[PDB]
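Starting off, we have a lone chain in the form deposited in one PDB entry, written out as structure tokens.
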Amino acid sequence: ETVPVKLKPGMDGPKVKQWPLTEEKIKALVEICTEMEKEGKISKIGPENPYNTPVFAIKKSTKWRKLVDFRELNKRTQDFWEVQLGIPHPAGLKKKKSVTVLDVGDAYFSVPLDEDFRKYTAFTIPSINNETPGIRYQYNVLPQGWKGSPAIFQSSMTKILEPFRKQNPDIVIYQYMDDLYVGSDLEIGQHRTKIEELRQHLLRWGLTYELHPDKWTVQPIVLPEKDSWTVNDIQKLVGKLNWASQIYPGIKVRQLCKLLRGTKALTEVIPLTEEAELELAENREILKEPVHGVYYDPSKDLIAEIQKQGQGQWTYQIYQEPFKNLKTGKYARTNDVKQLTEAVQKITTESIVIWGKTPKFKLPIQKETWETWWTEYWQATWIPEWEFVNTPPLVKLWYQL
């Protein structure tokens, strides 16, 4: 018996063109998809289905996995999976000392998908050089990647997890899309043992990565420590402080600015006044501590910006209103697109643990570059929304370490 799934009122299904794929990935999907067709999880469809969502292969492991971009479908069912049948996000998960992420996507294949909804789950395996027509399919079972899936399965999930919760009431288990986040305060060896028992419970239902969010600390805006000070160094300091003034309430600058009084050569070493040293002091205390007066709003999209810092290091901020930073971080250590792709997954994971939402990413890269290459390193099973931007050049150094 299936749960009827309806789109938002007066919205049509997704008609998203399939990106071009390489030979090795088309072969991977063709094996995967004939196997899913035998098992009955998908079925070929005809030209009467005008809907499409794109599909890719990743490698997470030495086996190709299938990844369906349901971003567009998720936007169009968003009434269903969020207000009518939402999974609540526990505030305690971010506090727990250890958090393990488990894939439970395979659970969704047990469950039949509303027969009148299967048409919106259509996808195409394309053809090299368009020589053959695309192989087209639709799902019959709850598809991985669709936020309707965990919503529909959440009744069966709490039944599966009911014994384990009863016996470990200090363990937090949160479900986001195809993943279970399991957070405990236990010593790491005890923690892993508890995850092992939990795999056993899931394993009795057709259900066959370690975060330490306690150790997630803010990357404060850093003011240089210096012996001498050129006017160039103070100018770069006034610029970095005055912009920080727009975020952290209380940053003061004018005492520094009177050290630069005439039109001085940039290289001349300016002696520091003791009220200046007084103010660099007073400002460092503010910048170390979190922003005052900035709170998460569950009704507003999260934004993440990323700045390339060179030398394999990258900074990022999460916010809903620009300059109201909920979180600021760095990410470190070959390949620019590989590193960015790792950074997006890291920031998205932290964003799921902390808020139950993935951020919309402002990516500093050419769209064509990104879409070409992101699949080669992507290893999560969700996909966040992203825009492409030109990083304001000043912002880059104002978050530099």
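Just count from 1 along the sequence shown to find any residue number. Only the largest set of C-alpha atoms that superpose within 1.5 Å between the two forms is called the rigid core.
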Fit on the core, then compare CA atoms: does 222-230 or 311-319 lie farther from this form in 7 other deposited structures of this protein? 222-230
With everything overlaid on the rigid core, name the stretch, 184-192 or 281-289, whose CA atoms wander farther on average in 7 other deposited structures of this protein. 281-289
Unresolved deposited positions lying between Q167 and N168 come to none
According to the entry, how many residues of the deposited sequence fall between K360 and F361 and are not modelled? Options: none, 1 to 3, 4 to 9, 10 or more. none
Can you tell me which stretch has the higher mean Cα B-factor, 255-263 or 88-96? 255-263
209-217 versus 296-304 - which carries the larger mean C-alpha B factor in the record: 209-217
Hey, out of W229, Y174, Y108, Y139, whose CA B-factor is highest in the deposited coordinates? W229
Highest-ranked of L326, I128, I234, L186 once sorted by CA temperature factor in the record: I234
When the deposited Cα B-factors of this chain's modelled residues are ordered and cut into thirds, is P14 in the lowest, the middle or the highest one? lowest
CA B-factor ranking of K27, expressed as a third of its chain: lowest
What third of its chain, lowest, middle or highest, does the C-alpha temperature factor of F153 fall into? lowest
If you rank the chain by CA B-factor, which third does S43 end up in: lowest, middle or highest? lowest
Here the Cα B-factor of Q320, set against its chain, lands in the third termed middle
